[PDB]
file coords_8.cif (mmCIF, C-alpha atoms)
data_structure
#
loop_
_atom_site.group_PDB
_atom_site.id
_atom_site.type_symbol
_atom_site.label_atom_id
_atom_site.label_comp_id
_atom_site.auth_asym_id
_atom_site.auth_seq_id
_atom_site.Cartn_x
_atom_site.Cartn_y
_atom_site.Cartn_z
ATOM 1 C CA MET A 1 -24.561 -55.971 39.206
ATOM 2 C CA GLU A 2 -26.376 -58.352 41.589
ATOM 3 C CA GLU A 3 -29.416 -58.191 39.313
ATOM 4 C CA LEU A 4 -27.317 -59.444 36.394
ATOM 5 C CA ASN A 5 -25.961 -62.241 38.597
ATOM 6 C CA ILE A 6 -29.475 -63.354 39.539
ATOM 7 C CA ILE A 7 -30.687 -63.100 35.927
ATOM 8 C CA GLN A 8 -27.814 -65.211 34.582
ATOM 9 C CA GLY A 9 -28.365 -67.812 37.320
ATOM 10 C CA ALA A 10 -32.070 -67.916 36.471
ATOM 11 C CA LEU A 11 -31.124 -68.442 32.817
ATOM 12 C CA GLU A 12 -28.779 -71.316 33.725
ATOM 13 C CA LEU A 13 -31.533 -73.134 35.665
ATOM 14 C CA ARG A 14 -32.529 -74.649 32.309
ATOM 15 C CA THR A 15 -29.176 -76.390 31.801
ATOM 16 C CA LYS A 16 -27.996 -77.315 35.295
ATOM 17 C CA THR A 17 -29.407 -80.501 36.791
ATOM 18 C CA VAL A 18 -30.157 -81.605 40.365
ATOM 19 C CA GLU A 19 -27.001 -83.745 40.117
ATOM 20 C CA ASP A 20 -24.964 -80.552 39.649
ATOM 21 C CA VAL A 21 -26.123 -78.990 42.937
ATOM 22 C CA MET A 22 -27.183 -81.847 45.227
ATOM 23 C CA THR A 23 -25.597 -82.607 48.576
ATOM 24 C CA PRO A 24 -24.246 -86.127 47.830
ATOM 25 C CA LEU A 25 -24.744 -89.111 50.133
ATOM 26 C CA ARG A 26 -21.173 -88.890 51.533
ATOM 27 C CA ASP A 27 -22.066 -85.303 52.476
ATOM 28 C CA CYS A 28 -25.608 -85.987 53.699
ATOM 29 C CA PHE A 29 -26.473 -85.572 57.340
ATOM 30 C CA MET A 30 -28.647 -88.609 57.991
ATOM 31 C CA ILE A 31 -29.908 -90.607 60.958
ATOM 32 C CA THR A 32 -30.576 -94.310 61.507
ATOM 33 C CA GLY A 33 -34.232 -95.358 61.855
ATOM 34 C CA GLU A 34 -33.157 -97.388 64.887
ATOM 35 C CA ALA A 35 -32.216 -94.150 66.689
ATOM 36 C CA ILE A 36 -33.494 -93.225 70.148
ATOM 37 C CA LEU A 37 -34.140 -89.627 71.249
ATOM 38 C CA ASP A 38 -32.228 -89.498 74.532
ATOM 39 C CA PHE A 39 -30.568 -86.220 75.499
ATOM 40 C CA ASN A 40 -27.393 -86.807 73.472
ATOM 41 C CA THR A 41 -29.043 -87.822 70.209
ATOM 42 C CA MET A 42 -31.434 -84.857 70.323
ATOM 43 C CA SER A 43 -28.431 -82.692 71.246
ATOM 44 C CA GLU A 44 -26.444 -83.782 68.169
ATOM 45 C CA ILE A 45 -29.579 -83.228 66.069
ATOM 46 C CA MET A 46 -30.285 -79.719 67.405
ATOM 47 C CA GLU A 47 -26.542 -79.086 66.995
ATOM 48 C CA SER A 48 -26.592 -79.992 63.284
ATOM 49 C CA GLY A 49 -28.395 -76.768 62.339
ATOM 50 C CA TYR A 50 -30.292 -78.636 59.632
ATOM 51 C CA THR A 51 -34.043 -78.014 59.605
ATOM 52 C CA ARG A 52 -34.827 -81.478 58.190
ATOM 53 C CA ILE A 53 -32.918 -84.763 58.581
ATOM 54 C CA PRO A 54 -33.284 -87.875 56.376
ATOM 55 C CA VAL A 55 -33.993 -91.102 58.281
ATOM 56 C CA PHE A 56 -32.572 -94.360 56.888
ATOM 57 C CA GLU A 57 -32.896 -98.024 57.886
ATOM 58 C CA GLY A 58 -29.780 -100.201 57.598
ATOM 59 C CA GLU A 59 -27.976 -98.616 54.662
ATOM 60 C CA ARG A 60 -27.726 -94.908 53.999
ATOM 61 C CA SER A 61 -29.211 -95.509 50.540
ATOM 62 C CA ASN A 62 -32.205 -97.012 52.366
ATOM 63 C CA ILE A 63 -33.843 -93.691 53.261
ATOM 64 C CA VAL A 64 -37.175 -94.436 54.952
ATOM 65 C CA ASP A 65 -38.400 -91.171 56.542
ATOM 66 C CA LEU A 66 -37.885 -87.460 57.242
ATOM 67 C CA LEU A 67 -37.414 -85.919 60.676
ATOM 68 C CA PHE A 68 -38.178 -82.240 61.208
ATOM 69 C CA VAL A 69 -36.363 -80.633 64.174
ATOM 70 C CA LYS A 70 -39.754 -79.104 65.153
ATOM 71 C CA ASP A 71 -40.914 -82.611 66.064
ATOM 72 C CA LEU A 72 -38.572 -82.619 69.068
ATOM 73 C CA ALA A 73 -40.519 -79.721 70.601
ATOM 74 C CA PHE A 74 -42.663 -81.906 72.850
ATOM 75 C CA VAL A 75 -40.087 -84.683 73.258
ATOM 76 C CA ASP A 76 -38.829 -85.104 76.835
ATOM 77 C CA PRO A 77 -35.208 -86.358 76.681
ATOM 78 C CA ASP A 78 -35.668 -88.035 80.089
ATOM 79 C CA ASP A 79 -38.223 -90.341 78.421
ATOM 80 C CA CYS A 80 -35.662 -91.641 75.898
ATOM 81 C CA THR A 81 -38.405 -91.805 73.236
ATOM 82 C CA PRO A 82 -37.516 -93.867 70.109
ATOM 83 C CA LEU A 83 -37.413 -92.073 66.740
ATOM 84 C CA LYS A 84 -39.867 -94.491 65.054
ATOM 85 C CA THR A 85 -42.658 -93.170 67.301
ATOM 86 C CA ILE A 86 -42.193 -89.628 65.963
ATOM 87 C CA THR A 87 -41.619 -90.635 62.315
ATOM 88 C CA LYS A 88 -44.576 -93.040 62.166
ATOM 89 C CA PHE A 89 -46.666 -90.392 63.909
ATOM 90 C CA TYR A 90 -45.871 -87.425 61.628
ATOM 91 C CA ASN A 91 -45.274 -89.639 58.578
ATOM 92 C CA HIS A 92 -43.834 -86.713 56.630
ATOM 93 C CA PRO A 93 -44.007 -87.126 52.813
ATOM 94 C CA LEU A 94 -40.927 -88.347 50.961
ATOM 95 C CA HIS A 95 -40.039 -86.635 47.655
ATOM 96 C CA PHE A 96 -37.961 -88.264 44.914
ATOM 97 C CA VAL A 97 -36.266 -86.944 41.785
ATOM 98 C CA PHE A 98 -34.117 -88.297 38.942
ATOM 99 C CA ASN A 99 -30.486 -87.168 38.603
ATOM 100 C CA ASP A 100 -31.074 -85.713 35.117
ATOM 101 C CA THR A 101 -33.873 -83.421 36.309
ATOM 102 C CA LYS A 102 -33.172 -79.809 35.380
ATOM 103 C CA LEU A 103 -33.127 -77.220 38.170
ATOM 104 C CA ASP A 104 -35.941 -75.110 36.687
ATOM 105 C CA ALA A 105 -38.232 -78.155 36.738
ATOM 106 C CA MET A 106 -36.996 -78.763 40.279
ATOM 107 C CA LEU A 107 -37.924 -75.195 41.256
ATOM 108 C CA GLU A 108 -41.378 -75.760 39.755
ATOM 109 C CA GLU A 109 -41.702 -79.063 41.653
ATOM 110 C CA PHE A 110 -40.651 -77.440 44.952
ATOM 111 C CA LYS A 111 -42.934 -74.400 44.693
ATOM 112 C CA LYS A 112 -45.915 -76.749 44.609
ATOM 113 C CA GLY A 113 -46.422 -78.930 47.634
ATOM 114 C CA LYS A 114 -44.621 -79.094 50.929
ATOM 115 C CA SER A 115 -41.533 -80.793 49.520
ATOM 116 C CA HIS A 116 -38.603 -78.395 49.626
ATOM 117 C CA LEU A 117 -36.308 -81.401 49.826
ATOM 118 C CA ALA A 118 -35.905 -84.116 47.196
ATOM 119 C CA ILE A 119 -33.996 -87.401 47.138
ATOM 120 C CA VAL A 120 -31.879 -87.877 43.990
ATOM 121 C CA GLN A 121 -31.713 -91.355 42.406
ATOM 122 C CA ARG A 122 -30.504 -93.068 39.219
ATOM 123 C CA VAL A 123 -31.377 -96.178 37.205
ATOM 124 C CA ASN A 124 -28.675 -98.865 37.363
ATOM 125 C CA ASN A 125 -28.593 -100.422 33.909
ATOM 126 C CA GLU A 126 -25.286 -102.099 34.711
ATOM 127 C CA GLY A 127 -27.076 -105.353 35.534
ATOM 128 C CA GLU A 128 -26.247 -108.061 36.391
ATOM 129 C CA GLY A 129 -29.965 -108.836 36.036
ATOM 130 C CA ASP A 130 -32.555 -106.396 37.332
ATOM 131 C CA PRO A 131 -31.852 -102.649 36.953
ATOM 132 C CA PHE A 132 -32.138 -100.759 40.267
ATOM 133 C CA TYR A 133 -32.620 -97.292 41.742
ATOM 134 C CA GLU A 134 -29.389 -95.947 43.193
ATOM 135 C CA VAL A 135 -29.784 -93.166 45.785
ATOM 136 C CA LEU A 136 -27.173 -90.479 45.156
ATOM 137 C CA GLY A 137 -27.893 -87.717 47.667
ATOM 138 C CA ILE A 138 -30.291 -84.918 48.537
ATOM 139 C CA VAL A 139 -31.248 -81.651 46.904
ATOM 140 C CA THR A 140 -33.215 -78.937 48.649
ATOM 141 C CA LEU A 141 -34.916 -75.726 47.605
ATOM 142 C CA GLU A 142 -31.994 -74.102 49.454
ATOM 143 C CA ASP A 143 -29.469 -75.787 47.139
ATOM 144 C CA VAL A 144 -31.107 -74.288 44.024
ATOM 145 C CA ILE A 145 -31.771 -70.818 45.535
ATOM 146 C CA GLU A 146 -28.156 -70.687 46.704
ATOM 147 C CA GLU A 147 -27.247 -71.653 43.130
ATOM 148 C CA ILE A 148 -29.399 -68.751 41.839
ATOM 149 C CA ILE A 149 -28.230 -65.865 44.067
ATOM 150 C CA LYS A 150 -24.553 -66.704 44.690
ATOM 151 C CA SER A 151 -21.855 -64.475 43.201
ATOM 152 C CA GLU A 152 -20.671 -65.561 39.750
ATOM 153 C CA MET B 1 -42.250 -68.888 32.414
ATOM 154 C CA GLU B 2 -40.679 -69.264 35.871
ATOM 155 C CA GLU B 3 -37.504 -67.661 34.527
ATOM 156 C CA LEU B 4 -39.525 -64.599 33.505
ATOM 157 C CA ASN B 5 -41.008 -64.400 37.009
ATOM 158 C CA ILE B 6 -37.563 -64.554 38.608
ATOM 159 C CA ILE B 7 -36.159 -61.970 36.171
ATOM 160 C CA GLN B 8 -39.013 -59.517 36.776
ATOM 161 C CA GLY B 9 -38.692 -59.963 40.551
ATOM 162 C CA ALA B 10 -34.949 -59.332 40.290
ATOM 163 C CA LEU B 11 -35.689 -56.148 38.328
ATOM 164 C CA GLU B 12 -38.179 -54.980 40.966
ATOM 165 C CA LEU B 13 -35.588 -55.400 43.751
ATOM 166 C CA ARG B 14 -34.466 -51.856 42.875
ATOM 167 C CA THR B 15 -37.830 -50.247 43.666
ATOM 168 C CA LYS B 16 -39.226 -52.302 46.548
ATOM 169 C CA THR B 17 -37.950 -51.524 50.036
ATOM 170 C CA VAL B 18 -37.424 -53.564 53.216
ATOM 171 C CA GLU B 19 -40.612 -51.939 54.539
ATOM 172 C CA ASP B 20 -42.519 -53.572 51.662
ATOM 173 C CA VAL B 21 -41.538 -57.132 52.656
ATOM 174 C CA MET B 22 -40.651 -57.074 56.356
ATOM 175 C CA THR B 23 -42.436 -59.132 58.979
ATOM 176 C CA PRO B 24 -43.799 -56.257 61.129
ATOM 177 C CA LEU B 25 -43.572 -56.140 64.927
ATOM 178 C CA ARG B 26 -47.186 -57.322 65.388
ATOM 179 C CA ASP B 27 -46.249 -60.401 63.345
ATOM 180 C CA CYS B 28 -42.770 -60.901 64.822
ATOM 181 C CA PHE B 29 -42.071 -63.988 66.870
ATOM 182 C CA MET B 30 -40.009 -62.622 69.732
ATOM 183 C CA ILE B 31 -38.981 -63.641 73.238
ATOM 184 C CA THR B 32 -38.450 -61.714 76.477
ATOM 185 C CA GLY B 33 -34.850 -61.400 77.715
ATOM 186 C CA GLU B 34 -36.083 -62.450 81.160
ATOM 187 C CA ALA B 35 -37.080 -65.847 79.724
ATOM 188 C CA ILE B 36 -35.938 -69.110 81.296
ATOM 189 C CA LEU B 37 -35.292 -72.274 79.280
ATOM 190 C CA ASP B 38 -37.317 -74.883 81.147
ATOM 191 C CA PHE B 39 -38.973 -77.623 79.116
ATOM 192 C CA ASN B 40 -42.092 -75.680 78.103
ATOM 193 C CA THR B 41 -40.279 -72.552 76.947
ATOM 194 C CA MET B 42 -37.794 -74.565 74.873
ATOM 195 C CA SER B 43 -40.784 -76.566 73.607
ATOM 196 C CA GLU B 44 -42.653 -73.469 72.376
ATOM 197 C CA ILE B 45 -39.387 -72.279 70.814
ATOM 198 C CA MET B 46 -38.670 -75.557 68.990
ATOM 199 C CA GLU B 47 -42.356 -75.573 68.018
ATOM 200 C CA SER B 48 -42.136 -72.124 66.377
ATOM 201 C CA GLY B 49 -40.225 -73.513 63.386
ATOM 202 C CA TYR B 50 -38.220 -70.292 63.182
ATOM 203 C CA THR B 51 -34.448 -70.716 62.938
ATOM 204 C CA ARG B 52 -33.672 -67.403 64.675
ATOM 205 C CA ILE B 53 -35.684 -65.618 67.377
ATOM 206 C CA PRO B 54 -35.323 -61.935 68.395
ATOM 207 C CA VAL B 55 -34.768 -61.355 72.119
ATOM 208 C CA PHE B 56 -36.187 -58.189 73.695
ATOM 209 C CA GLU B 57 -36.030 -56.653 77.179
ATOM 210 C CA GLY B 58 -39.177 -54.940 78.462
ATOM 211 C CA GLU B 59 -40.780 -53.611 75.287
ATOM 212 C CA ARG B 60 -40.907 -55.518 72.024
ATOM 213 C CA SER B 61 -39.305 -52.491 70.350
ATOM 214 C CA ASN B 62 -36.415 -52.981 72.802
ATOM 215 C CA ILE B 63 -34.724 -55.845 70.931
ATOM 216 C CA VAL B 64 -31.499 -56.745 72.749
ATOM 217 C CA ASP B 65 -30.271 -60.071 71.313
ATOM 218 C CA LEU B 66 -30.741 -62.967 68.889
ATOM 219 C CA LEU B 67 -31.375 -66.603 69.760
ATOM 220 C CA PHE B 68 -30.506 -69.409 67.361
ATOM 221 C CA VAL B 69 -32.443 -72.652 67.964
ATOM 222 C CA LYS B 70 -29.080 -74.436 67.584
ATOM 223 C CA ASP B 71 -28.034 -72.951 70.929
ATOM 224 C CA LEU B 72 -30.543 -75.185 72.719
ATOM 225 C CA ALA B 73 -28.592 -78.257 71.577
ATOM 226 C CA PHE B 74 -26.609 -78.631 74.794
ATOM 227 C CA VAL B 75 -29.306 -77.158 77.042
ATOM 228 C CA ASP B 76 -30.777 -79.564 79.600
ATOM 229 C CA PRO B 77 -34.414 -78.562 80.266
ATOM 230 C CA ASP B 78 -34.197 -80.125 83.754
ATOM 231 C CA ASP B 79 -31.575 -77.459 84.545
ATOM 232 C CA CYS B 80 -34.023 -74.605 83.852
ATOM 233 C CA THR B 81 -31.170 -72.520 82.406
ATOM 234 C CA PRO B 82 -31.929 -68.778 81.968
ATOM 235 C CA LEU B 83 -31.797 -67.305 78.451
ATOM 236 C CA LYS B 84 -29.344 -64.512 79.369
ATOM 237 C CA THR B 85 -26.668 -67.176 79.912
ATOM 238 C CA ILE B 86 -26.930 -68.414 76.317
ATOM 239 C CA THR B 87 -27.375 -64.959 74.737
ATOM 240 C CA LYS B 88 -24.484 -63.345 76.626
ATOM 241 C CA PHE B 89 -22.414 -66.442 75.854
ATOM 242 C CA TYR B 90 -22.952 -66.578 72.078
ATOM 243 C CA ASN B 91 -23.524 -62.813 71.812
ATOM 244 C CA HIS B 92 -24.732 -63.137 68.223
ATOM 245 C CA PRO B 93 -24.397 -59.912 66.169
ATOM 246 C CA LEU B 94 -27.390 -57.631 65.684
ATOM 247 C CA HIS B 95 -28.081 -56.178 62.235
ATOM 248 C CA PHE B 96 -30.060 -52.981 61.666
ATOM 249 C CA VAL B 97 -31.513 -51.332 58.583
ATOM 250 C CA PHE B 98 -33.614 -48.288 57.692
ATOM 251 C CA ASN B 99 -37.164 -48.677 56.357
ATOM 252 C CA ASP B 100 -36.356 -46.896 53.080
ATOM 253 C CA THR B 101 -33.558 -49.340 52.226
ATOM 254 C CA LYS B 102 -34.119 -50.927 48.825
ATOM 255 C CA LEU B 103 -34.224 -54.721 48.580
ATOM 256 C CA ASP B 104 -31.277 -55.016 46.182
ATOM 257 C CA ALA B 105 -29.069 -53.157 48.666
ATOM 258 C CA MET B 106 -30.501 -55.441 51.346
ATOM 259 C CA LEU B 107 -29.533 -58.489 49.275
ATOM 260 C CA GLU B 108 -26.015 -57.072 48.937
ATOM 261 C CA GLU B 109 -25.893 -56.477 52.715
ATOM 262 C CA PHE B 110 -27.094 -60.017 53.468
ATOM 263 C CA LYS B 111 -24.710 -61.813 51.112
ATOM 264 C CA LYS B 112 -21.798 -60.293 53.007
ATOM 265 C CA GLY B 113 -21.484 -61.187 56.659
ATOM 266 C CA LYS B 114 -23.474 -63.626 58.745
ATOM 267 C CA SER B 115 -26.488 -61.326 58.969
ATOM 268 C CA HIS B 116 -29.374 -62.929 57.107
ATOM 269 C CA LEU B 117 -31.762 -61.115 59.419
ATOM 270 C CA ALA B 118 -32.097 -57.353 59.806
ATOM 271 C CA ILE B 119 -34.087 -55.142 62.174
ATOM 272 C CA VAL B 120 -36.054 -52.387 60.423
ATOM 273 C CA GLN B 121 -36.231 -48.952 62.083
ATOM 274 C CA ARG B 122 -37.272 -45.363 61.316
ATOM 275 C CA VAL B 123 -36.429 -41.857 62.534
ATOM 276 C CA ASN B 124 -39.252 -40.224 64.496
ATOM 277 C CA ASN B 125 -39.138 -36.568 63.481
ATOM 278 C CA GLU B 126 -42.517 -36.047 65.142
ATOM 279 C CA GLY B 127 -40.833 -34.578 68.216
ATOM 280 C CA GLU B 128 -41.798 -33.604 70.825
ATOM 281 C CA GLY B 129 -38.107 -32.794 71.342
ATOM 282 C CA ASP B 130 -35.548 -35.453 70.485
ATOM 283 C CA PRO B 131 -36.126 -37.549 67.339
ATOM 284 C CA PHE B 132 -35.929 -41.302 68.001
ATOM 285 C CA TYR B 133 -35.435 -44.665 66.303
ATOM 286 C CA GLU B 134 -38.695 -46.575 65.980
ATOM 287 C CA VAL B 135 -38.378 -50.351 65.520
ATOM 288 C CA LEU B 136 -40.898 -51.513 62.924
ATOM 289 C CA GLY B 137 -40.204 -55.222 62.453
ATOM 290 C CA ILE B 138 -37.791 -57.738 60.974
ATOM 291 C CA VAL B 139 -36.659 -58.591 57.469
ATOM 292 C CA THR B 140 -34.700 -61.707 56.623
ATOM 293 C CA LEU B 141 -32.942 -63.016 53.545
ATOM 294 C CA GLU B 142 -35.863 -65.450 53.281
ATOM 295 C CA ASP B 143 -38.281 -62.506 53.000
ATOM 296 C CA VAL B 144 -36.463 -61.060 49.962
ATOM 297 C CA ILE B 145 -35.812 -64.450 48.289
ATOM 298 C CA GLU B 146 -39.478 -65.319 48.755
ATOM 299 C CA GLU B 147 -40.195 -61.934 47.146
ATOM 300 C CA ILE B 148 -37.921 -62.881 44.212
ATOM 301 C CA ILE B 149 -39.104 -66.410 43.354
ATOM 302 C CA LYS B 150 -42.836 -66.257 44.180
ATOM 303 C CA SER B 151 -45.397 -66.479 41.375
ATOM 304 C CA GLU B 152 -46.455 -63.098 39.969
#
call {"tool": "encode", "arguments": {"input": "coords_8.cif", "output": "structure tokens"}}
result
Amino acid sequence: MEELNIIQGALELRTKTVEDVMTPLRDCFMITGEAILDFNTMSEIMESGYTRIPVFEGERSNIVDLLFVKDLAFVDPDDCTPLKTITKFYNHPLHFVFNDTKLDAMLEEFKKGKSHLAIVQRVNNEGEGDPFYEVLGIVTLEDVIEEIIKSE
Amino acid sequence: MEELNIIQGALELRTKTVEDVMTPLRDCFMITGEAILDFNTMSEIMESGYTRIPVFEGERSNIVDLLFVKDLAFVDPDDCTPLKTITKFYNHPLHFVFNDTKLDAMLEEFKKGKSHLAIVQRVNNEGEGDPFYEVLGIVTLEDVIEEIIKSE
């Protein structure tokens, strides 16, 4: 039964972590903060089919903003408007989560607030001096829902 | 518990119908088949935030096609390209469902195939001669999932 599938998935939300379901950094669709919104860039973006796109500066682990595809609505490609204008303008909130966070807690976190996307990070205790936060990938509400309802 | 919420919702999928959760025709974001994709039209479309937009010809109950926002990726607004070009090109499938259809069966129907959006309709036995199909609104996967996970 589908109902049984959903119930079991719901039960497993306690044990599975965000690390188990995240879209890792190698698999993340991201965009440089230096980007300019000419025709072609906007075209690749609208082509991606992703609703929201992480914006990074320099390194991919240096995620600085979020771009919603909606924000291109009033953008004229002929203007070749830089991305920073849109990102600094909307200044969409950035949500973070630890790799060990359970999916049920993630669901709870997502249901409250606008964030339906979280950035996964870990503590690097393998110093070499100061311990650091290591960005691993992204996890969305979609990742966990898909984990809930999928056939198993 | 969240898990309890999800479980109960899953259980109720048997009893609730597509009529109970659909976005009705008054609340449907739709677009005329005659539409042209200048800047402003594309701008309203990208503004909507909806991933998929029903295309109708004449009456709103005369839904003829589906438009994915993705399909605007390679569209130059300066070209003022008509919608029919894109719709006839992609010719995305159209899914239909009866109002009495239970949500669990809907879930089953959605999980198989690309259709994550269905058009609700009913039989008009209030003839007046020939009985007809009366379009009532739309129901997506998102509608049912939202119905599953929401707090109750």
call {"tool": "resolve_selection", "arguments": {"input": "coords_8.cif", "expression": "the PyMOL selection byres ((chain B and resi 51) around 10)", "output": "PyMOL selection string"}}
result
(chain A and resi 49-51) or (chain B and resi 45-46+48-50+52-53+67-70)
call {"tool": "interface_residues", "arguments": {"input": "coords_8.cif", "of": "chain B", "to": "chain A", "cutoff": "12 Å", "atoms": "all atoms listed in the file", "output": "VMD selection string"}}
result
chain B and resid 1 to 14 38 to 52 68 to 78 103 to 112 141 to 142 144 to 146 148 to 151
call {"tool": "closest_residue", "arguments": {"input": "coords_8.cif", "among": "A:34, A:27, A:19, A:100", "to": "residue A:56", "atoms": "all atoms listed in the file"}}
result
A:34
call {"tool": "closest_residue", "arguments": {"input": "coords_8.cif", "among": "A:15, A:131, A:65, A:22", "to": "residue A:91", "atoms": "all atoms listed in the file"}}
result
A:65
call {"tool": "residues_around", "arguments": {"input": "coords_8.cif", "residues": "residue B:21", "least_positions_apart": "6", "cutoff": "8 Å", "atoms": "only C-alpha atoms", "output": "JSON, numbers by chain"}}
result
{"B": [139, 143, 144, 147]}
call {"tool": "atom_distance", "arguments": {"input": "coords_8.cif", "atom1": "atom CA of residue B:25", "atom2": "atom CA of residue B:152"}}
result
26.1 Å
call {"tool": "decode", "arguments": {"input": "coords_8.cif", "residues": "stretch 22-40 of chain B", "atoms": "N, CA, C and O atoms", "output": "PDB file, in the first residue's frame"}}
result
ATOM      1  N   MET B  22      -8.430  20.659  -4.509  1.00  0.00           N
ATOM      2  CA  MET B  22      -8.121  21.331  -5.765  1.00  0.00           C
ATOM      3  C   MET B  22      -8.089  22.850  -5.631  1.00  0.00           C
ATOM      4  O   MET B  22      -8.736  23.425  -4.751  1.00  0.00           O
ATOM      5  N   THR B  23      -7.313  23.488  -6.501  1.00  0.00           N
ATOM      6  CA  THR B  23      -7.385  24.924  -6.686  1.00  0.00           C
ATOM      7  C   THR B  23      -8.449  25.156  -7.758  1.00  0.00           C
ATOM      8  O   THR B  23      -8.214  24.872  -8.934  1.00  0.00           O
ATOM      9  N   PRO B  24      -9.637  25.644  -7.348  1.00  0.00           N
ATOM     10  CA  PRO B  24     -10.777  25.818  -8.250  1.00  0.00           C
ATOM     11  C   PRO B  24     -10.506  26.838  -9.350  1.00  0.00           C
ATOM     12  O   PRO B  24      -9.551  27.613  -9.261  1.00  0.00           O
ATOM     13  N   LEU B  25     -11.363  26.832 -10.366  1.00  0.00           N
ATOM     14  CA  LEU B  25     -11.183  27.644 -11.565  1.00  0.00           C
ATOM     15  C   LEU B  25     -11.136  29.152 -11.302  1.00  0.00           C
ATOM     16  O   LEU B  25     -10.432  29.880 -12.008  1.00  0.00           O
ATOM     17  N   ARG B  26     -11.884  29.617 -10.300  1.00  0.00           N
ATOM     18  CA  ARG B  26     -11.818  31.018  -9.868  1.00  0.00           C
ATOM     19  C   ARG B  26     -10.421  31.367  -9.349  1.00  0.00           C
ATOM     20  O   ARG B  26      -9.955  32.501  -9.499  1.00  0.00           O
ATOM     21  N   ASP B  27      -9.763  30.381  -8.746  1.00  0.00           N
ATOM     22  CA  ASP B  27      -8.450  30.578  -8.138  1.00  0.00           C
ATOM     23  C   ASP B  27      -7.295  30.088  -9.010  1.00  0.00           C
ATOM     24  O   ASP B  27      -6.131  30.175  -8.609  1.00  0.00           O
ATOM     25  N   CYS B  28      -7.615  29.579 -10.198  1.00  0.00           N
ATOM     26  CA  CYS B  28      -6.593  29.072 -11.107  1.00  0.00           C
ATOM     27  C   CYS B  28      -5.883  30.200 -11.835  1.00  0.00           C
ATOM     28  O   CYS B  28      -6.520  31.106 -12.376  1.00  0.00           O
ATOM     29  N   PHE B  29      -4.556  30.140 -11.829  1.00  0.00           N
ATOM     30  CA  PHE B  29      -3.761  31.006 -12.674  1.00  0.00           C
ATOM     31  C   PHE B  29      -3.703  30.356 -14.042  1.00  0.00           C
ATOM     32  O   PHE B  29      -3.133  29.276 -14.198  1.00  0.00           O
ATOM     33  N   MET B  30      -4.300  31.009 -15.029  1.00  0.00           N
ATOM     34  CA  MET B  30      -4.343  30.460 -16.372  1.00  0.00           C
ATOM     35  C   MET B  30      -3.893  31.518 -17.360  1.00  0.00           C
ATOM     36  O   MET B  30      -3.683  32.676 -16.992  1.00  0.00           O
ATOM     37  N   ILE B  31      -3.746  31.119 -18.618  1.00  0.00           N
ATOM     38  CA  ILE B  31      -3.350  32.042 -19.673  1.00  0.00           C
ATOM     39  C   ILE B  31      -4.060  31.707 -20.980  1.00  0.00           C
ATOM     40  O   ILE B  31      -4.219  30.535 -21.327  1.00  0.00           O
ATOM     41  N   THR B  32      -4.503  32.742 -21.688  1.00  0.00           N
ATOM     42  CA  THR B  32      -5.162  32.563 -22.979  1.00  0.00           C
ATOM     43  C   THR B  32      -4.203  31.968 -24.013  1.00  0.00           C
ATOM     44  O   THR B  32      -3.006  32.264 -24.003  1.00  0.00           O
ATOM     45  N   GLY B  33      -4.734  31.113 -24.886  1.00  0.00           N
ATOM     46  CA  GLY B  33      -3.945  30.487 -25.946  1.00  0.00           C
ATOM     47  C   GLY B  33      -3.509  31.483 -27.003  1.00  0.00           C
ATOM     48  O   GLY B  33      -2.548  31.242 -27.739  1.00  0.00           O
ATOM     49  N   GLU B  34      -4.226  32.605 -27.069  1.00  0.00           N
ATOM     50  CA  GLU B  34      -3.940  33.686 -28.011  1.00  0.00           C
ATOM     51  C   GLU B  34      -2.730  34.506 -27.564  1.00  0.00           C
ATOM     52  O   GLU B  34      -2.234  35.344 -28.331  1.00  0.00           O
ATOM     53  N   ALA B  35      -2.264  34.270 -26.335  1.00  0.00           N
ATOM     54  CA  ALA B  35      -1.228  35.109 -25.725  1.00  0.00           C
ATOM     55  C   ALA B  35       0.052  35.197 -26.546  1.00  0.00           C
ATOM     56  O   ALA B  35       0.424  34.254 -27.248  1.00  0.00           O
ATOM     57  N   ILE B  36       0.710  36.350 -26.461  1.00  0.00           N
ATOM     58  CA  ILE B  36       2.009  36.543 -27.096  1.00  0.00           C
ATOM     59  C   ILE B  36       3.059  36.810 -26.018  1.00  0.00           C
ATOM     60  O   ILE B  36       2.777  37.471 -25.017  1.00  0.00           O
ATOM     61  N   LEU B  37       4.263  36.286 -26.228  1.00  0.00           N
ATOM     62  CA  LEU B  37       5.319  36.365 -25.222  1.00  0.00           C
ATOM     63  C   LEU B  37       6.266  37.536 -25.458  1.00  0.00           C
ATOM     64  O   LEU B  37       7.451  37.355 -25.756  1.00  0.00           O
ATOM     65  N   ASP B  38       5.718  38.742 -25.326  1.00  0.00           N
ATOM     66  CA  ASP B  38       6.515  39.964 -25.295  1.00  0.00           C
ATOM     67  C   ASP B  38       7.244  40.011 -23.954  1.00  0.00           C
ATOM     68  O   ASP B  38       7.304  39.001 -23.248  1.00  0.00           O
ATOM     69  N   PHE B  39       7.800  41.164 -23.593  1.00  0.00           N
ATOM     70  CA  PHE B  39       8.410  41.259 -22.277  1.00  0.00           C
ATOM     71  C   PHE B  39       7.350  41.087 -21.195  1.00  0.00           C
ATOM     72  O   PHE B  39       7.433  40.165 -20.379  1.00  0.00           O
ATOM     73  N   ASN B  40       6.347  41.964 -21.222  1.00  0.00           N
ATOM     74  CA  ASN B  40       5.388  42.128 -20.123  1.00  0.00           C
ATOM     75  C   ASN B  40       4.636  40.855 -19.764  1.00  0.00           C
ATOM     76  O   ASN B  40       4.401  40.574 -18.588  1.00  0.00           O
TER      77      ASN B  40
END
